[PDB]
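In structure tokens, the next block holds one chain alone, the form deposited in one PDB entry.
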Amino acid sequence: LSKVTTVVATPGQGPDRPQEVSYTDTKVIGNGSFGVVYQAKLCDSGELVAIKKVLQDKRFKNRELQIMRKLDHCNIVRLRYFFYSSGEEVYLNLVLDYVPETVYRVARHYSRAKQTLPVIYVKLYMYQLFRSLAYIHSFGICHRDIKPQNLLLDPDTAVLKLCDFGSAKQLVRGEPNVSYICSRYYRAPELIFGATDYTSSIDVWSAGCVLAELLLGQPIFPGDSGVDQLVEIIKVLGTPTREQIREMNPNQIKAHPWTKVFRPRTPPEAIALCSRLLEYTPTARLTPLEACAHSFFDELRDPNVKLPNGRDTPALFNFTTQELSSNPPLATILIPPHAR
């Protein structure tokens, strides 16, 4: 609150050269499995920041911090600084970009009010999620907890930022990974099947679940348990052929038309995008970069596009080489003539 805290914090991206950082108006805003999250105001600039505090084992490196020190993207909450603090024990503190809203909260307001999120926002929010994934997947980093709670929004600018890398991991082919991750509703089928050799494509399934959820006003796959979740998917997508099961798993509903799950007025390209994300076969799913280049997002590339409030859209085309690395020719679609 009124107390001024001064710490010696290390720049998130820069050289390892610690600075004194003073912050104030400190309040907890989240306290869960993720740790404790604080809102605070930087003394010098008057800028709000979030501070994530997690217990550290000290005999071990923090994975989340390793990942965050690598990332610099407009659709990912930035690590401004990190520092350590003591109790008695030892905590690591991530000083992060503050973002006021979440997709969860926003979808819930619309749902509660019996309304749907306007399609322009669905395009904006989904696109920026895919850019963020294209970016992190380019390092072989899989978020592994893509869900509406982890999508932060600035409603005034329509900026979406991916947050919570506490479940993120660099996926190395041949190194086994845990299957019971992601939030249930958003959890890929291969995970429910127990695959330990999964790829970044689990994030893409999750994004599809988010997109489907923004279109419907409720989770598309609301599993009752970790096991009932597979049933919920089958109910919507129909039984996987044995070929698909082989694709998902290292060891009786039919095809349910995609244009009937959603409401009658849902844009067909949104349904078409959805169908390419929610494929049983992990490698059949679009890459995030491919998802960005999908027709559903064409309006975002229209030179006349504006937010509902008249403002320009936020950064949409400032693609780096790193972001483009999975399919560089896609730059021809992604970056429209006027943006060059």
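Between two forms, the rigid core is the largest collection of C-alphas that superpose within 1.5 Å. Shifts are known only where both forms have a C-alpha. We number the residues from 1 along the sequence you see.
Just so you know, the form deposited in another entry exists too; it's not on screen, but the next bit is about it.
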Which is the one residue in 70, 58, 306, 63 whose C-alpha moves 2 Å or more between this form and the one not shown, relative to the superposed rigid core?
58
After fitting the rigid core, is the C-alpha of residue 45 off by 2 Å or more between this form and the one not shown?
no
After fitting the rigid core, is the C-alpha of residue 36 off by 2 Å or more between this form and the one not shown?
yes
Per-residue Cα shift of 2 Å or more between this form and the one not shown after core superposition, grouped into runs of 3+, gives 32 to 36, 57 to 60, 86 to 88
